[PDB]
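K.L.:
Here it is, the structure in full.
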């Protein structure tokens, strides 16, 4: 029952700026084994681990994933499982696939063949997330085709693990209506990344065009809350109509946003996700959107309370 699997997934946190960088540590985070103690003790049910497999596999057939990297991913997954955390792994920042899905289709499918083969006998609390935030030339209609091809590859190997399927147009709500999950697939969860209002959550983000114009933006008015509720109602209606569970696999506000607004937004979205029985994972543990200080070994207490 994928709804039961969604319940098991529960509340989680992304350990980002880590394995989805070109190399682990490049973006500031190395996944320390003790992080899993910290996260489990704080009350989280799962971790989401973004992984840039594409830079750690050969470019030519059979597109073999490199040994040392595979071993590292094993180590991370098992570290989390040791603490009784559920684990979401994905394919993250496969930029060539977004820019030319035709050229990279078979390589992408080869990655999933290898990942499914590697983890098919791992515990049922490991989840396979097909592809992070499809966008660009990987259009909604092309994604519907590609995700089905990936489902077929994974299911040819593994009919035990729940699969997590995102939306196109950068993984938010805008392309949810366009998403199609094949009827034959019966053990999947649909994932959405929720960052609205984008101008608030990404204000001052150095990698986002024109974001400096958003610096100082607050969040918390009654109207702000009603707008967010309307969007959550839209997602919930889609879930009910399509009979698929919902995982909000990323949500969070950047550190440049005022702390009081960050707390209000984070706490509110979590309460509203909970009312809808969704699973959820905060972006992210300890970096630019972070809630834990790895030097001081302390949580931001208000943000941790918001997440529970």
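Residue numbers (PDB author numbering): 4 to 311. Ideal Cβ placement from N, Cα and C applies to all residues, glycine included.
When the Cα atoms are used, what is the spatial distance from residue 268 to residue 301?
P.N.:
21 Å
K.L.:
Which value, in whole angstroms, describes the spacing of the CA atoms of residue 295 and residue 310?
P.N.:
12 Å
K.L.:
Could you name the residues that DSSP lists as bridge partners for residue 235?
P.N.:
Paired residues: none, contrary to the question.
K.L.:
Identify the continuous alpha helix (DSSP H) that holds residue 72 and give its terminal residues.
P.N.:
70-85
K.L.:
Just to confirm my understanding: we take residue 288, look at its own chain, exclude 5 residues before and 5 after, and list those with CB closer than 6 Å. What are they?
P.N.:
Within the same chain, residue 288 has close Cβ partners 16, 18 and 295.
K.L.:
Let me know if residue 122 comes out buried or exposed under the rule of 16 or more other beta-carbons within 10 Å of its beta-carbon.
P.N.:
buried
K.L.:
By a C-beta neighbour count over all protein chains shown, 10 Å radius and 16 as the cutoff for buried, is residue 115 buried or exposed?
P.N.:
Residue 115 should be labelled buried.
K.L.:
Give the DSSP-derived three-state secondary structure of residue 184 in the structure shown.
P.N.:
coil
K.L.:
Considering only their Cβ atoms, is the gap separating residue 69 from residue 60 smaller than 8 Å?
P.N.:
yes
K.L.:
Below 8 Å, how does it come out for the region 35-49 and the region 85-105: are there three or more Cβ pairs, yes or no?
P.N.:
yes
K.L.:
Just checking: is the beta-carbon of residue 183 within a distance shorter than 8 Å of some beta-carbon in chain C?
P.N.:
Included in the structure is just one protein chain, with no chain C present.
K.L.:
What residue does the alpha helix (DSSP H) around residue 152 start on, and which one ends it?
P.N.:
Note, residue 152: alpha helix (DSSP H), 143-158.
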